[PDB]
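Chains as they are written, first to last, in the deposited numbering: chain AW, 2 to 130; chain AV, 1 to 82; chain AR, 1 to 120; chain Ab, 1 to 84; chain AA, 6 to 223; chain AC, 38 to 264; chain Aa, 2 to 108.
All residues carry an ideal CB built from backbone N, CA and C; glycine is no exception.
A short worksheet on the structure shown next.
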RNA sequence: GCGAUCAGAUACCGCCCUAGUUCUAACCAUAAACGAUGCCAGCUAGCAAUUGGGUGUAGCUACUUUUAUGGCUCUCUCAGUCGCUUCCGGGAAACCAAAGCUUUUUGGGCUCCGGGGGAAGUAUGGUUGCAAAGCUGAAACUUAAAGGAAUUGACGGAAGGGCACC
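Printed below as a string of structure tokens:
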């Protein structure tokens, strides 16, 4: 069915921005997705997200600036022992300056930049550039 | 695109789309700018000062480019009830 | 019997008509003598053929404007020719004929009453 | 536009056209009615997609016979399209 | 302020059967259609048609050489109209068979550089639109609901099924352009009556002597 | 190295000689379609170096059959921020090379240079990882730290030196004997560096009045001016 | 390579349809893959119609007609020139085209 | 086994016709078992068909005094199988609305299969089978190409036009 729900929504976002389309209907929106999406907001990559209360599993409408080339999702969530943070950022990020790798860390779903400041590594959720 | 002692190097900063925030890419010759002329309030009597909008080939080839002008123009507010 | 005249004859004939149209008549003998003066055609059977194809092109030009050889007096003639039809009438009473749905639109858009009939 | 939102405030006419499950918040087109068979003062609230071959209070008269979208409410029966 | 809709003008549009729309709506033109009539006709928003004629007419101007704005019709119903566009506003003519490359050939004698195109029907006039988008040329067009709006910035929904619609809309752009930096000034109507822009017709033709001597009979 | 008293078919051509444009950069901004080789010859094209990469022959049957035809593959570039590249089919070696230069000038594409993250000493490289594909070959640009000087394959080294991209790593895909496709893939790669919406580009501006419109009156008129 | 998008003929969602034996080879081909042409002819054929009507009592008559829907194998059809080797472009093209009307159906 | 054809016919072709086709109780497990395209979920394009259901039909027709009912169109919508034309992506192209989202050496979940061409679906052993066979499936050794594509020519006892008293 939808084993990882995360990727299904973020693919929808990519496909949408490939039309240029500012809006997407996301299904079936997780907590991990909400935390993924709040992380986007901070760096301005997407405009406002809104989670509708169906008594089912929650859908989201995305408003999109179009600043985003592409958003990818890591499953399996590979265990980062802090010094693979450096390797993972190099491979899939277009620049050393910019583009956030997204983790599920002990203290929250946080970007690798934020994770480095806290010194808390993790399991890898995602990539956003 | 600044270098060391805040001078602006490379060579250019592209014209971005008023509707998609997307870069006009220099050999995308499928790209329109429309310049709609402002009117001297009361009626006709056209005086300069274009309200000018840039639209990418990507909007145009999806057949939506006419519609982008309608929202831009209403935002500048010459057009009403679009 | 067979044939349409080759490109060297025909091309020569199109080029001279564009420039020289005024001074080219339906008459062959004058078209022959203009061609030698205005154009260095080395031999007489070729000269006559070029000049003769001009005669043919001119004959059709007279019989309502011929494509591809516009002297541009012809365009200037269209300006003059422009005939207006008068009276251009919205006919009987207004003329009213409303398709019902467009009447619902009309009242909304326009305070202007303008007579409508929901009409057979 | 191909930047053509506004699904947060989704335009009236279109939403109506689509379907019962294709709404932003998917809301039933399955309403309520009250059925009066005039020999009986009794109102029983029966559905147009009935789910019952509904006998009124004592009288096994009929009321409605199901067809697989909207149950056909049969003959001389009057109903209020409202949650009473 | 009087740049709004004009009641006098809207009657002309009504008589000229502009409100008719091709039965099959096409998604990209759904905004231009208000209502559908019974017997498969679409009602085109007459109020939007005006404002779109006005934007298009404004767009012609601040292209400072008005001559280097190329007015285009393959359709015979627009041929006379496209020619007459040229007579009032300088706007140089492309009538009928557009010779492709008129835009993309330096060697061709039909080497045109438009900073604007105005086009009748994008389905029959596909070639100068394709060619336009090879040379960054703005394209304004007259549009059925069955228009490929691909490569069109600003659409004017006419009816383009022909009759009087193609003629009246074409005039209205030229009219508006002459009020606006043309020196007609103070937008009070027209001494030049709208049926000039129409195809003269009938193909095969009644040969009628111009100079209005109402034909009695032998 | 003209000589040519260039005569301007294009309005664009007029601007060049009248010195009203002075930077092909303006042409790139307003995206104006350079049909004239002539335009390019004045602004740049003085200190554009032309290199002939490949002369490789091809064959075609004029009917019964055998004939042969010439290929020339050309790259043109400043060292500063410009590459145009053109491949042509002709009867002769000379006409092939001259024509390939001509096509190459028309195509001239601007080159985006960025930084490691150290904005010291003028942007040496390319900012991000930009990839372009032409027929199964995809040459993929990776931004590489100074003094790596350019890491590619011998023909793409030339192509990237024509731009003046000091330092890059590259990876190229496929049938590694099919040379022409490798060159074409790099052309797409270098061209796409603008096509990345990097976070520096995010805020529009008031953009531009076009010189086409602005200087318009002069570009439709009269001379054929001396001096 | 799949030249033909339909494989042989129009099999989508059935794949296997009872075969009909080809009236020329007596072969076996599934019903989707027959070239079929509708043979509509008069019993009295052309010249004889003038001769029969005079000879036959009746006020006008109006001739009975023959119907025989023949089923061709692909091999059969192309030999007898029913289908003539089309187009890499024109295999795709459906259309028809007669001009005149009155359908061929000789020998 | 026969008659022609043809050097041969053993074949195409023509005749007689056996096992077989069919059915039943059992085998076999394989086929271009093919839509050459794994399955389940979402998303990314217009139009008209097309299968079925449903919402509206103050639409036509069928009838009871008209109805109520039914079928079809018309309108709207799912889920099916496809087509057309365009990609708005992919591809080497042919093509493909999936062969798209296959990334810039990445994207939901999961299986299976390929990693030069032949030898070879053979050997060998195990397995299954009454048997025929089938599955699982090497290597020695051989060899610089092999395959798919499109392009142009040449060539047809493949197809249509013309042109000349060789």
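Residue i vs residue j beta-carbon contact at 8 Å
i: residue 17/AA; j: residue 173/AA; result: yes
i: residue 78/AA; j: residue 45/AV; result: no
i: residue 249/AC; j: residue 57/AC; result: no
i: residue 192/AA; j: residue 43/AV; result: yes
i: residue 44/Ab; j: residue 56/Ab; result: yes
i: residue 37/AA; j: residue 150/AA; result: yes
i: residue 63/AW; j: residue 27/AW; result: yes
i: residue 50/AV; j: residue 67/AA; result: yes
i: residue 226/AC; j: residue 177/AC; result: yes
i: residue 19/AW; j: residue 2/Ab; result: no
Range covered by the beta strand (DSSP E) that runs through residue i
i: residue 43/AR; result: Segment: none, residue 43/AR is in no beta strand (DSSP E) and carries neither H nor E.
i: residue 68/Aa; result: 66 to 73
i: residue 96/AC; result: 95 to 98
i: residue 27/AW; result: 24 to 27
i: residue 34/Ab; result: 33 to 36
i: residue 69/AW; result: Counting along the chain, residue 69/AW falls outside any beta strand (DSSP E), and DSSP gives it neither H nor E.
i: residue 111/AW; result: 109 to 112
DSSP-derived helix/strand/coil call for residue i
i: residue 257/AC; result: helix
i: residue 118/AW; result: helix
i: residue 76/Aa; result: helix
i: residue 114/AC; result: strand
i: residue 172/AA; result: helix
i: residue 131/AA; result: helix
i: residue 35/AR; result: helix
i: residue 4/AR; result: coil
i: residue 13/AV; result: coil
i: residue 136/AC; result: helix
i: residue 44/AC; result: coil
i: residue 127/AC; result: strand
i: residue 1/AC; result: Beyond the ends of chain AC as shown, which are 38 and 264, falls residue 1/AC; an answer cannot be given.
i: residue 121/AC; result: strand
i: residue 65/AV; result: helix
i: residue 62/Aa; result: coil
i: residue 80/AW; result: strand
i: residue 54/Ab; result: coil
i: residue 198/AC; result: helix
i: residue 164/AC; result: coil
i: residue 144/AC; result: helix
Extent of the continuous alpha helix (DSSP H) to which residue i belongs
i: residue 64/AW; result: Looking at the DSSP string, residue 64/AW is not in any alpha helix (DSSP H); the run it does join, the beta strand (DSSP E), is 60 to 64.
i: residue 44/Ab; result: Taken as a continuous stretch (DSSP letters only), residue 44/Ab belongs to no alpha helix (DSSP H), being part of the beta strand (DSSP E) at 44 to 46.
i: residue 80/Ab; result: Not the alpha helix (DSSP H): residue 80/Ab falls in the beta strand (DSSP E), residues 78 to 80.
Notebook entry, point to check: Would you call the segment 228 to 235 of chain AC and the segment 189 to 205 of chain AC in contact, with 3 or more CB pairs under 8 Å?
Noted result: Result no; under three Cβ-Cβ pairs closer than 8 Å.
Notebook entry, point to check: Would you call the segment 163 to 180 of chain AC and the segment 240 to 249 of chain AC touching, i.e. three or more CB-CB distances under 8 Å?
Noted result: No, they do not touch.
Check: Counting pairs of Cβ atoms below 8 Å between the segment 8 to 24 of chain AR and the segment 43 to 59 of chain AR, do you hit three or more?
Finding: Taking a cut-off of 8 Å for Cβ pairs, the segment 8 to 24 of chain AR and the segment 43 to 59 of chain AR touch, as three or more such pairs fall below it.
Checklist line | the segment 62 to 79 of chain AW in contact with the segment 115 to 130 of chain AW per 3-pair CB rule at 8 Å | finding: Because the criterion of three Cβ pairs below 8 Å is met, the segment 62 to 79 of chain AW and the segment 115 to 130 of chain AW touch.
Margin query: Count Cβ pairs between the segment 23 to 43 of chain AA and the segment 99 to 117 of chain AR that sit closer than 8 Å; are there 3 or more?
Written below: These segments touch.
Notebook entry, point to check: Along the chain, which unbroken stretches of the alpha helix (DSSP H) at least 4 residues long are found entirely within the segment 55 to 85 of chain AR?
Noted result: Listed in chain order, they are 73 to 81.
Item checked: Completely contained alpha helix (DSSP H) runs for the segment 150 to 219 of chain AA, where each covers 4 or more residues -> As far as the segment 150 to 219 of chain AA is concerned, its whole alpha helix (DSSP H) runs of at least 4 residues are 170 to 184.
Next item on the list: Please specify which runs of the alpha helix (DSSP H), each continuous and at least 4 residues long, are wholly inside the segment 15 to 99 of chain AA, giving them in chain order.
Entry: Taking only runs of at least 4 residues, the alpha helix (DSSP H) segments lying wholly in the segment 15 to 99 of chain AA are 51 to 65, 81 to 93.
Check: Would the segment 3 to 13 of chain Aa and the segment 39 to 57 of chain Aa be scored as touching if the rule is three or more Cβ pairs under 8 Å?
Finding: With fewer than three CB-CB distances shorter than 8 Å, the segment 3 to 13 of chain Aa does not count as touching the segment 39 to 57 of chain Aa.
Notebook entry, point to check: Would the segment 46 to 56 of chain AW and the segment 16 to 27 of chain Ab be scored as touching if the rule is three or more Cβ pairs under 8 Å?
Noted result: Cβ pair count under 8 Å is three or more, so yes.
Check: What are the complete alpha helix (DSSP H) segments, minimum 4 residues, inside the segment 47 to 108 of chain AC?
Finding: Listed in chain order, the complete alpha helix (DSSP H) runs (minimum 4 residues) inside the segment 47 to 108 of chain AC are 48 to 54, 62 to 66, 74 to 80.
Next item on the list: Examine the Cβ distances between the segment 12 to 21 of chain AV and the segment 63 to 81 of chain AV and report whether three or more of them are shorter than 8 Å.
Entry: Verdict: yes, contact present.
Margin query: Check whether the segment 130 to 145 of chain AA and the segment 12 to 30 of chain AA are in contact - that is, three or more C-beta pairs closer than 8 Å.
Written below: Proximity of the segment 130 to 145 of chain AA to the segment 12 to 30 of chain AA falls short of the contact definition, fewer than three beta-carbon pairs being nearer than 8 Å.
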